[PDB]
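Participant: Next up, work_15.cif (mmCIF, C-alpha atoms).
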```
data_model
loop_
_atom_site.label_atom_id
_atom_site.label_comp_id
_atom_site.auth_asym_id
_atom_site.auth_seq_id
_atom_site.Cartn_x
_atom_site.Cartn_y
_atom_site.Cartn_z
CA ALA A 1 -8.54 92.04 -149.38
CA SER A 2 -10.78 91.38 -146.37
CA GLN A 3 -12.21 88.26 -148.10
CA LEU A 4 -15.23 88.19 -145.77
CA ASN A 5 -18.19 86.82 -147.69
CA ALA A 6 -21.17 89.17 -147.65
CA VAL A 7 -23.48 86.42 -148.97
CA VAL A 8 -24.55 84.50 -145.85
CA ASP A 9 -26.86 81.86 -147.27
CA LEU A 10 -29.15 79.66 -145.18
CA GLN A 11 -30.58 76.44 -146.57
CA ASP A 12 -34.07 76.93 -145.11
CA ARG A 13 -34.58 79.95 -147.37
CA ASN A 14 -36.22 79.63 -150.79
CA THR A 15 -34.57 82.31 -152.90
CA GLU A 16 -36.22 80.93 -156.04
CA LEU A 17 -39.78 81.16 -154.69
CA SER A 18 -38.91 84.52 -153.12
CA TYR A 19 -38.16 85.72 -156.66
CA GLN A 20 -41.21 84.07 -158.24
CA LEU A 21 -43.53 85.84 -155.80
CA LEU A 22 -41.64 89.14 -156.05
CA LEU A 23 -42.18 89.42 -159.81
CA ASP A 24 -45.90 88.86 -159.28
CA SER A 25 -46.25 91.75 -156.84
CA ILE A 26 -44.32 94.27 -158.95
CA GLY A 27 -45.39 93.46 -162.50
CA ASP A 28 -47.93 91.82 -164.77
CA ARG A 29 -46.84 88.18 -164.60
CA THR A 30 -48.77 87.05 -167.71
CA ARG A 31 -46.34 88.92 -169.98
CA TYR A 32 -43.39 87.12 -171.56
CA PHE A 33 -39.83 88.46 -171.17
CA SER A 34 -37.35 86.31 -173.08
CA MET A 35 -34.10 87.73 -171.67
CA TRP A 36 -34.61 86.46 -168.14
CA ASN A 37 -36.73 83.65 -169.65
CA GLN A 38 -39.68 85.15 -167.80
CA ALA A 39 -42.58 83.03 -169.04
CA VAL A 40 -44.77 81.83 -166.19
CA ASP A 41 -45.96 78.23 -165.98
CA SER A 42 -49.66 78.29 -166.83
CA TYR A 43 -52.01 75.37 -167.34
CA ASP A 44 -54.94 75.77 -169.66
CA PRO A 45 -58.02 76.60 -167.55
CA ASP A 46 -60.30 74.36 -169.63
CA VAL A 47 -58.01 71.31 -169.31
CA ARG A 48 -57.66 71.35 -165.52
CA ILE A 49 -61.33 72.13 -164.83
CA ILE A 50 -63.43 70.25 -167.39
CA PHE B 1 -30.68 119.02 -155.38
CA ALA B 2 -32.70 120.90 -157.97
CA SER B 3 -29.91 120.72 -160.55
CA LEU B 4 -30.38 116.94 -160.80
CA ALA B 5 -34.15 117.18 -161.35
CA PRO B 6 -35.85 117.67 -164.73
CA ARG B 7 -37.55 121.01 -165.19
CA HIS B 8 -41.27 120.93 -165.94
CA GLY B 9 -41.55 124.59 -166.74
CA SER B 10 -39.20 126.37 -164.36
CA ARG B 11 -39.92 124.25 -161.26
CA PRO B 12 -37.86 121.13 -160.48
CA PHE B 13 -39.85 117.93 -160.97
CA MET B 14 -39.12 116.31 -157.62
CA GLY B 15 -40.53 113.11 -156.19
CA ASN B 16 -42.22 112.77 -152.85
CA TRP B 17 -40.27 112.90 -149.62
CA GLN B 18 -41.63 109.72 -148.04
CA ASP B 19 -41.18 107.59 -151.19
CA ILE B 20 -37.63 106.50 -150.43
CA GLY B 21 -37.77 102.99 -148.97
CA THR B 22 -39.52 99.74 -149.77
CA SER B 23 -41.85 97.88 -147.45
CA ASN B 24 -43.24 94.89 -149.37
CA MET B 25 -43.09 91.34 -147.99
CA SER B 26 -44.95 88.09 -148.64
CA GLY B 27 -48.27 89.36 -147.37
CA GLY B 28 -47.29 92.29 -145.19
CA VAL C 1 -14.61 58.05 -154.02
CA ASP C 2 -12.88 55.44 -151.82
CA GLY C 3 -16.07 54.27 -150.12
CA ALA C 4 -15.62 55.82 -146.69
CA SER C 5 -18.92 56.72 -145.06
CA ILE C 6 -19.88 58.00 -141.61
CA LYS C 7 -23.32 57.75 -140.02
CA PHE C 8 -24.30 59.38 -136.72
CA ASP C 9 -26.74 57.44 -134.56
CA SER C 10 -27.10 59.69 -131.51
CA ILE C 11 -25.41 62.78 -130.08
CA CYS C 12 -25.86 63.51 -126.38
CA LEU C 13 -24.78 66.50 -124.29
CA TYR C 14 -22.96 66.12 -120.98
CA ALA C 15 -22.30 68.75 -118.34
CA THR C 16 -20.31 68.19 -115.14
CA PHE C 17 -21.56 70.42 -112.33
CA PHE C 18 -19.48 71.30 -109.31
CA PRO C 19 -21.65 70.42 -106.27
CA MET C 20 -21.27 73.87 -104.74
CA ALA C 21 -23.18 74.82 -101.60
CA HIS C 22 -26.51 76.45 -102.37
CA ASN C 23 -25.60 79.58 -100.39
CA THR C 24 -22.08 79.74 -101.83
CA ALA C 25 -23.37 79.21 -105.37
CA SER C 26 -26.10 81.78 -104.71
CA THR C 27 -23.47 84.28 -103.57
CA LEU C 28 -21.29 83.50 -106.61
CA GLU C 29 -24.34 83.83 -108.87
CA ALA C 30 -25.23 87.25 -107.47
CA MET C 31 -21.66 88.53 -107.75
CA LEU C 32 -21.31 87.37 -111.37
CA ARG C 33 -24.48 89.18 -112.50
CA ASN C 34 -22.89 92.60 -112.02
CA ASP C 35 -21.73 94.63 -115.00
CA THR C 36 -18.31 94.95 -113.33
CA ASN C 37 -17.96 91.16 -112.94
CA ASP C 38 -18.44 90.34 -116.61
CA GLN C 39 -16.57 87.30 -117.87
CA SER C 40 -14.34 88.49 -120.68
CA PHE C 41 -12.55 86.04 -122.96
CA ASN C 42 -9.95 86.06 -125.70
CA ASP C 43 -9.18 83.85 -128.66
CA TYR C 44 -5.68 82.39 -128.37
CA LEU C 45 -4.89 82.86 -132.05
CA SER C 46 -6.65 86.27 -132.22
CA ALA C 47 -6.04 86.84 -135.90
CA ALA C 48 -7.76 87.63 -139.17
CA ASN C 49 -7.47 84.75 -141.62
CA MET C 50 -6.92 85.76 -145.24
#
```
For this file, write the structure as structure tokens.

Facilitator:
Amino acid sequence: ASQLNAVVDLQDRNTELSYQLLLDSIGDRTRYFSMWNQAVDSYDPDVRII
Amino acid sequence: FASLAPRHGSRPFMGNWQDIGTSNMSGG
Amino acid sequence: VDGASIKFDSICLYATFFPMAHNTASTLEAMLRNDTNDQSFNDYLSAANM
């Protein structure tokens, strides 16, 4: 009825990186959760550093 | 609100009082 | 789709000051900083838009 949008979004926010850093602080990020496709990007440590 | 709490024995298993809000930020 | 395109080069701000006397404009400044002399405005439409 009031039609007043409660989501005020600002384009100098990074909601994606705010969620990537939030999952690190609350849980073990190495684990794989398929439902949210929660599988963190991870290079091999012996390929980067020879 | 002891009727909402599980009973470990005959005492209500309550949480702590000051554990209600969050305070975490990106380094702070 | 029809190829119209706008491009803004520069946007400048103008402000026309009344050249009021520096004791008259100091008296008007000091009267308008009272809580009883607050400038109160009103939208002409004054409506909720649903």

Participant: Quick one, how far is CA of residue 16 in chain A from CA of residue 44 in chain A?

Facilitator: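 Computing the Euclidean distance for CA of residue 16 in chain A and CA of residue 44 in chain A yields 23.7 Å.
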
Participant: When you look at residue 13 in chain B with a cut-off of 12 Å (counting only C-alpha atoms), what residues show up, excluding the ones that are within fewer than 3 positions of it in the same chain? I need them as a PDB file with C-alpha atoms, in the coordinates of the input.

Facilitator:
```
ATOM      1  CA  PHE B   1     -30.680 119.020-155.380  1.00  0.00           C
ATOM      2  CA  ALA B   2     -32.700 120.900-157.970  1.00  0.00           C
ATOM      3  CA  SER B   3     -29.910 120.720-160.550  1.00  0.00           C
ATOM      4  CA  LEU B   4     -30.380 116.940-160.800  1.00  0.00           C
ATOM      5  CA  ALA B   5     -34.150 117.180-161.350  1.00  0.00           C
ATOM      6  CA  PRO B   6     -35.850 117.670-164.730  1.00  0.00           C
ATOM      7  CA  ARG B   7     -37.550 121.010-165.190  1.00  0.00           C
ATOM      8  CA  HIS B   8     -41.270 120.930-165.940  1.00  0.00           C
ATOM      9  CA  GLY B   9     -41.550 124.590-166.740  1.00  0.00           C
ATOM     10  CA  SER B  10     -39.200 126.370-164.360  1.00  0.00           C
ATOM     11  CA  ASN B  16     -42.220 112.770-152.850  1.00  0.00           C
TER      12      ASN B  16
END
```

Participant: Please indicate the distance in Å from CA of residue 24 in chain A to CA of residue 28 in chain B, rounded to one decimal place.

Facilitator: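 Those two atoms sit 14.6 Å apart.
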
Participant: So which residues touch residue 25 in chain B within 10 Å, counting all atoms listed in the file, skipping near sequence neighbours fewer than 5 positions away, as a list in words?

Facilitator: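 My reading of the contact set: residues 18, 21, 22 and 25 of chain A.
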
Participant: Each residue of chain A lying at most 9 Å from chain C should get a row with its shortest atom-to-atom pair and the distance in Å to one decimal, counting all atoms listed in the file; could you produce that, ordered by chain and increasing number, as CSV?

Facilitator:
```
residue,atom,partner,partner_atom,distance
A:1,CA,C:50,CA,7.7
A:2,CA,C:50,CA,6.9
A:3,CA,C:50,CA,6.5
A:4,CA,C:50,CA,8.7
```

Participant: Could you state the separation of CA of residue 19 in chain A and CA of residue 24 in chain B in Å, given to one decimal place?

Facilitator: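 So the two atoms, CA of residue 19 in chain A and CA of residue 24 in chain B, lie 12.8 Å apart.
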
Participant: For the structure shown, which residues end up in the PyMOL selection byres ((chain A and resi 41) around 12)? Put them as a list in words, please?

Facilitator: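 Written out, the selection comes to residues 20, 29, 30, 31, 32, 37, 38, 39, 40, 42, 43 and 44 of chain A.
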
Participant: Rebuild range 31-49 of chain C to N, CA, C and O atoms - output it as an mmCIF file, keeping the file's coordinate frame, please.

Facilitator:
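As a result, selection_34.cif now contains:
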```
data_model
loop_
_atom_site.group_PDB
_atom_site.id
_atom_site.type_symbol
_atom_site.label_atom_id
_atom_site.label_comp_id
_atom_site.auth_asym_id
_atom_site.auth_seq_id
_atom_site.Cartn_x
_atom_site.Cartn_y
_atom_site.Cartn_z
ATOM 1 N N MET C 31 -22.819 87.705 -107.446
ATOM 2 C CA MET C 31 -21.660 88.530 -107.750
ATOM 3 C C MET C 31 -21.365 88.559 -109.244
ATOM 4 O O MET C 31 -20.936 89.593 -109.757
ATOM 5 N N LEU C 32 -21.604 87.458 -109.950
ATOM 6 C CA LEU C 32 -21.310 87.370 -111.370
ATOM 7 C C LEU C 32 -22.407 87.943 -112.263
ATOM 8 O O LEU C 32 -22.272 87.876 -113.488
ATOM 9 N N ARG C 33 -23.477 88.493 -111.700
ATOM 10 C CA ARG C 33 -24.480 89.180 -112.500
ATOM 11 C C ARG C 33 -24.308 90.695 -112.466
ATOM 12 O O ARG C 33 -25.211 91.417 -112.898
ATOM 13 N N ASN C 34 -23.188 91.186 -111.950
ATOM 14 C CA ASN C 34 -22.890 92.600 -112.020
ATOM 15 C C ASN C 34 -22.208 92.929 -113.342
ATOM 16 O O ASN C 34 -21.534 92.090 -113.941
ATOM 17 N N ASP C 35 -22.386 94.173 -113.789
ATOM 18 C CA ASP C 35 -21.730 94.630 -115.000
ATOM 19 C C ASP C 35 -20.227 94.835 -114.819
ATOM 20 O O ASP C 35 -19.510 94.943 -115.816
ATOM 21 N N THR C 36 -19.743 94.895 -113.580
ATOM 22 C CA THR C 36 -18.310 94.950 -113.330
ATOM 23 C C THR C 36 -17.673 93.579 -113.243
ATOM 24 O O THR C 36 -16.450 93.472 -113.373
ATOM 25 N N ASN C 37 -18.462 92.526 -113.052
ATOM 26 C CA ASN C 37 -17.960 91.160 -112.940
ATOM 27 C C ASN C 37 -18.235 90.365 -114.210
ATOM 28 O O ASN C 37 -18.510 89.167 -114.156
ATOM 29 N N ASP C 38 -18.177 91.025 -115.359
ATOM 30 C CA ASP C 38 -18.440 90.340 -116.610
ATOM 31 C C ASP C 38 -17.263 89.460 -116.991
ATOM 32 O O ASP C 38 -16.098 89.847 -116.867
ATOM 33 N N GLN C 39 -17.579 88.264 -117.463
ATOM 34 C CA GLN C 39 -16.570 87.300 -117.870
ATOM 35 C C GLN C 39 -16.120 87.671 -119.273
ATOM 36 O O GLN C 39 -16.904 87.616 -120.222
ATOM 37 N N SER C 40 -14.868 88.075 -119.400
ATOM 38 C CA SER C 40 -14.340 88.490 -120.680
ATOM 39 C C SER C 40 -13.284 87.505 -121.160
ATOM 40 O O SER C 40 -12.381 87.136 -120.405
ATOM 41 N N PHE C 41 -13.408 87.073 -122.409
ATOM 42 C CA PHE C 41 -12.550 86.040 -122.960
ATOM 43 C C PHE C 41 -11.749 86.570 -124.130
ATOM 44 O O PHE C 41 -11.878 87.724 -124.534
ATOM 45 N N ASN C 42 -10.909 85.694 -124.669
ATOM 46 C CA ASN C 42 -9.950 86.060 -125.700
ATOM 47 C C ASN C 42 -9.615 84.819 -126.496
ATOM 48 O O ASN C 42 -9.344 83.766 -125.914
ATOM 49 N N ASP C 43 -9.649 84.932 -127.818
ATOM 50 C CA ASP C 43 -9.180 83.850 -128.660
ATOM 51 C C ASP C 43 -7.660 83.762 -128.545
ATOM 52 O O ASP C 43 -6.982 84.785 -128.427
ATOM 53 N N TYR C 44 -7.128 82.538 -128.524
ATOM 54 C CA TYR C 44 -5.680 82.390 -128.370
ATOM 55 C C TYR C 44 -4.959 82.827 -129.636
ATOM 56 O O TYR C 44 -3.913 83.484 -129.569
ATOM 57 N N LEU C 45 -5.481 82.437 -130.796
ATOM 58 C CA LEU C 45 -4.890 82.860 -132.050
ATOM 59 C C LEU C 45 -5.042 84.361 -132.243
ATOM 60 O O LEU C 45 -4.048 85.071 -132.436
ATOM 61 N N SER C 46 -6.280 84.852 -132.140
ATOM 62 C CA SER C 46 -6.650 86.270 -132.220
ATOM 63 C C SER C 46 -6.117 86.912 -133.494
ATOM 64 O O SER C 46 -5.306 87.837 -133.468
ATOM 65 N N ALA C 47 -6.576 86.393 -134.627
ATOM 66 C CA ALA C 47 -6.040 86.840 -135.900
ATOM 67 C C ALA C 47 -7.137 86.839 -136.951
ATOM 68 O O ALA C 47 -8.134 86.125 -136.833
ATOM 69 N N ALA C 48 -6.945 87.669 -137.969
ATOM 70 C CA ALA C 48 -7.760 87.630 -139.170
ATOM 71 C C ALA C 48 -7.105 86.684 -140.169
ATOM 72 O O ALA C 48 -5.881 86.659 -140.310
ATOM 73 N N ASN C 49 -7.926 85.908 -140.859
ATOM 74 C CA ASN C 49 -7.470 84.750 -141.620
ATOM 75 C C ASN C 49 -7.772 84.977 -143.097
ATOM 76 O O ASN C 49 -8.914 84.830 -143.538
#
```
